[PDB]
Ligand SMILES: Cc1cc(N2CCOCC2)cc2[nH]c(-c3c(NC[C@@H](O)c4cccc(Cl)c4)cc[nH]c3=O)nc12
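Single chain ahead, by itself, as structure tokens, in the form solved without the named molecule.
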């Protein structure tokens, strides 16, 4: 299938990550990995087996760790689904997660079409 290369992926995908970072305050819980010790939620890693956050995804884009666009998309939805799994539907963080998902879905669709 189509072979991609890192700089092509970073230039195409990074604006979609940038759109998530620009959401203030909705992206604030997601700009750094969850620290369950500081936040007093010691069961976090009992529930969330593969943590993900914007800073990790950004580093992976920056350092060429995605061979295909769908791997980037996978990590974004993984970050969203970790937050939806751990938090109550009525919580601020759950709602901010859904806001980021709405933004992502608008940003990623034209990009993935253009990478196809």
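Positions refer to the first chain, counted from 1. Between two forms, the rigid core is the largest collection of C-alphas that superpose within 1.5 Å.
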I'd like to know which segment deviates more from the shown structure in 7 other deposited structures of this protein: 96-104 or 5-13, using C-alpha RMS over all structures and residues after a core fit. 5-13
Can you tell me which stretch has the higher mean Cα B-factor, 8-16 or 99-107? 8-16
Of the residues 85, 57, 38, 78, the one carrying the largest Cα B-factor as recorded: 38
Between 71, 27, 91, 63, where does the Cα B-factor run highest in the record? 63
Splitting the chain's C-alpha B-factors into thirds, which one does residue 47 fall into? highest
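Absent from the display: the form solved in complex with the named molecule. The rest refers to it.
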The named molecule contact in the bound PDB entry: residue 81, any heavy atom under 4.5 Å: yes
Would residue 112 show up as a contact with the named molecule in the bound PDB entry if we use heavy atoms at 4.5 Å? yes
Would you check whether the named molecule, in the bound PDB entry, lies within 4.5 angstroms of a non-hydrogen atom from each of 77, 98 and 102? yes
